[PDB]
Amino acid sequence: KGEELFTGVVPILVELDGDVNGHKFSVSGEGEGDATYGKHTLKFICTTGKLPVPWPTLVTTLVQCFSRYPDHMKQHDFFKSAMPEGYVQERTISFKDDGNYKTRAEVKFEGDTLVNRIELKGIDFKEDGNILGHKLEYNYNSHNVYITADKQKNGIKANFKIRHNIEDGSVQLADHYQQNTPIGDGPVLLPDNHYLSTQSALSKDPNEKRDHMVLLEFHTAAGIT
Ligand SMILES: [Mg+2]
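Quick notes on the rules
Residues numbered from 1 in each chain as written, not as in the entry; some residues may be left out. Heavy atoms only, no water. UniProt positions renumbered as here; feature names shortened; annotations may be inferred. Pairing = 2+ DSSP bridges. Helix = DSSP H or I, 4+ residues; strand = E, 2+ residues; numbered from the N terminus. Axes fitted to C-alpha atoms, helices over the stretch in contact; angles between N-to-C directions. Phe/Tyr/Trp six-rings, centres within 6.5 Å; stacked < 30°, edge-to-face > 60°. Buried < 20%, exposed > 50% of the residue type's maximum accessible area, 1.4 Å probe, protein only. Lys NZ or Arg CZ within 6 Å of the ring centre and 35° of its normal. Core = buried A, V, L, I, M, F, W, Y, C linked by side-chain atoms within 4.5 Å. Contact = heavy atoms within 4.5 Å.

The PDB entry lists the chain under the name Green fluorescent protein, from Aequorea victoria. Under the heading Subunit, UniProt records this for the chain: "Monomer." As its UniProt record puts it under Sequence similarities, the chain is described as follows: "Belongs to the GFP family."

Here is the structure:
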């Protein structure tokens with residue numbers, strides 16, 4: 001069963017190819033996760049130069065299999081149950097009064113490493129909106145990711161609203177619609193409605209001159225007693 005693959009520390013690789021309003025970029029990440037504690041740590045580098053969008057707008061795209069599912073909820077952990085063959089994770093991220101990201105990712109094991117490979121496409125961004133104008137603060141709020149089963153697709157859906165702080169004290173909403181479907185043909189766990197409680201801390205490596213993001217993430221399943 002997939003959950004057995006997560007009882008210890010697992011190395012993580014993340015690779016993203018993006019195009020936002022014609023601005024092409026790539027991000028590479030490395031770190032590790034320990035789902036026992038709902039915890040993952042990564043450092044991401046923009047390998048093409050300067051990132052053309054704010055780092056916070058990429059956090060959700062850049063491994064929910066590292067969520068801590070409490071023992072009494074283990075039967076609701078789709079994410080691990082699809083491993084090692086993995087899952088496709090797709091989103092539409094709608095930035096209020098601005099453009100949208102469409103993302104397609106494959107999350108799977110490559111040997112003993114958990115890999116998140118992503119294509120991101122962003123369109124219809126305003127040239128001096130909060131995203132292409134870089135008006136988002138380098139910080140991140142705590143959210144609830146609401147998950148529901150999609151039995152027709154043998155997977156799940158999720159819906160949630162990310163709140164991005166703007167440098168003038170306002171908030172940029174980013175509505176997330178998500179679908180995950182298994183890559184393999186083995187059975188998966190189809191959960192009851194629940195949510196993941198998320199927390200994120202963004203920082204910088206004081207010795208790093210490349211455009212980059214250091215991330216500490218907690219994800220904890222909740223909403224079933
Ligand atoms: Mg503020």
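Asks: Any chance you could break down the pairing of strand β11 (residues 212-222) for me, citing the residues and the numbers?
Replies: On any regular strand, side chains alternate: one points to one face of the sheet, the next to the other face. Across seven bridges, strand β3 (residues 39-46) lies against β11 in antiparallel orientation. Paired with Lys39 across the two strands is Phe218, which belongs to β11. Both strand β10 (residues 194-203) and β11 contribute to a ladder of nine bridges, which runs antiparallel. From the neighbouring strand, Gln199 faces β11, where its bridge partner is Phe218.

Asks: Talk me through the sheet that holds strand β4 (residues 87-95); I want residue IDs and the actual numbers.
Replies: Taken together, the eleven strands give a closed barrel; going around it, the order is β1-β2-β3-β11-β10-β7-β8-β9-β4-β5-β6, and neighbouring strands pair in mixed fashion. Each strand of the sheet is rotated relative to its neighbour by a mean of 20 degrees, with strand direction disregarded. Both strand β5 (residues 100-110) and strand β6 (residues 113-123) contribute to a ladder of eleven bridges, which runs antiparallel. From the neighbouring strand, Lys108 faces β6, where its bridge partner is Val115.

Asks: Which residues make up the packing of aromatic side chains, and what are the values?
Replies: Within this structure, the stated rule accounts for nine aromatic pairs. Between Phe78 and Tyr87 the ring centres are 5.9 Å apart and the planes differ by 45 degrees, which places this aromatic pair in the tilted class. You can call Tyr87 buried: its relative accessible area is 0%. Ring geometry for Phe95 against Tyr101: centres 4.9 Å apart, planes inclined by 70 degrees, an arrangement best described as edge-to-face. Per residue, the accessibility class of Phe95 equals that of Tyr101, and both read buried. Members of the aromatic cluster, connected to one another through ring pairs, are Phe6, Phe66 and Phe109. The side chain of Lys80 reaches across the aromatic face of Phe6, ending 5.6 Å from its centre.

Asks: Report on the nonpolar core, specifying residues and quantitative values.
Replies: Counting residues in hydrophobic clusters, the biggest one holds 54 residues, and the most contacted among them are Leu62, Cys65, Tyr101 and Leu114. Looking at which element gives the most residues to this core, the answer is strand β1 (residues 10-20), with five residues. Not counting the four nearest positions on each side in its chain, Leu114 is found in contact with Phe6, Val10, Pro11, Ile12, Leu13, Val63, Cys65, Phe66, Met83, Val107, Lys108 and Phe109.

Asks: Before we move on, could you go through the pairing of β10 and cite the residues and values that matter?
Replies: Only one face of β10 is buried, namely the one carrying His194, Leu196, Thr198, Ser200 and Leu202, since none of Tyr195, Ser197, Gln199, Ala201 and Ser203 on the opposite face is buried. Sheet topology note: the strand β7 (residues 143-150)/β10 ladder contains five bridges and is antiparallel. By the bridge assignment, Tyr146 is partnered in β10 with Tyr195.

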